[PDB]
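Here is the structure we will look at.
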Amino acid sequence: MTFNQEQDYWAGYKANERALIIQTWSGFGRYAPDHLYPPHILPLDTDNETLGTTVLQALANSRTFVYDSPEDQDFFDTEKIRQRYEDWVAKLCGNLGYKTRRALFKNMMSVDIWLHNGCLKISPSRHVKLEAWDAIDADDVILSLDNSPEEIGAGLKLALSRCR
Ligand code: NA
């Protein structure tokens, strides 16, 4: 896969009692889930090589906009974010057998992944609110593109174990 020097790539790795959910993020300056790319759902004991490869694929699709390009304005539009978010919730409930968003989110942990010049910053979080996650302290897993997909998968699972 093609990763460019100086370019930022972002992705997310969420997990609850039914699934792992890997998602491409996009943006400019700050990044967020990019619902242009559907979530990739995986079983909880997916092997490290599949988990690493899936997150690398998600990162490769991460878009960086030119500020105020039609793509940037659309991506950061308040109402479009809301509509795409609600569609994501409804679709994930359908794909995982949930009838309430309360149940979908109850045990959902979240890890963020940032790639830049070969460095992978894999960050755990605290599930602070029903549908939101905030950083915790000094718990990142730092890897790089030197690492095999399997080593990346191990570091992803490690970061998930650090979520609270
Ligand atoms: Na995500």
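The chains in the structure tokens are called A, B, ... from first to last as shown; in each chain the residues are counted from 1, and the ligands are counted from 1 in the order shown.
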Q: Return as a count of residues only the residues of protein, DNA or RNA that approach ligand 1 to within 6 Å, with only C-alpha atoms and all ligand atoms taken into account.
A: 5
Produce a table with one row for each residue of segment 5-90 of chain A that has an atom at most 12 Å from any atom of segment 143-155 of chain A, each row naming the nearest atom pair and its distance in Å at one decimal; use only C-alpha atoms; arrange rows by chain and rising residue number; format as CSV.
```
residue,atom,partner,partner_atom,distance
A:13,CA,A:153,CA,10.9
A:22,CA,A:153,CA,11.9
A:45,CA,A:153,CA,11.0
A:46,CA,A:153,CA,9.2
A:47,CA,A:153,CA,7.7
A:48,CA,A:153,CA,4.2
A:49,CA,A:150,CA,3.9
A:50,CA,A:153,CA,7.4
A:51,CA,A:153,CA,5.0
A:52,CA,A:153,CA,4.1
A:53,CA,A:149,CA,5.3
A:54,CA,A:149,CA,8.7
A:55,CA,A:153,CA,8.2
A:56,CA,A:149,CA,7.7
A:57,CA,A:149,CA,10.4
A:59,CA,A:145,CA,11.8
```
Q. Out of A:21, A:124, A:29, A:130, which residue has the shortest atom-to-atom distance to residue 8 of chain A when counting only C-alpha atoms?
A.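 Nearest candidate to residue 8 of chain A out of A:21, A:124, A:29, A:130: A:29.
The nearest approach to residue 123 of chain A among the residues A:58, A:111, A:1, A:19, with only C-alpha atoms taken into account, belongs to A:111.
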Q: Rank A:157, A:162, A:101, A:127 by their smallest atom-to-atom distance to residue 44 of chain A, using only C-alpha atoms, and report the top residue only.
A: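 Closest candidate: A:157.
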Q: Tell me, as a ChimeraX atom specification, which residues lie within 9 Å of residue 65 of chain A, counting only C-alpha atoms; anything in the same chain fewer than 4 positions away does not count.
A: /A:26-29,69-72
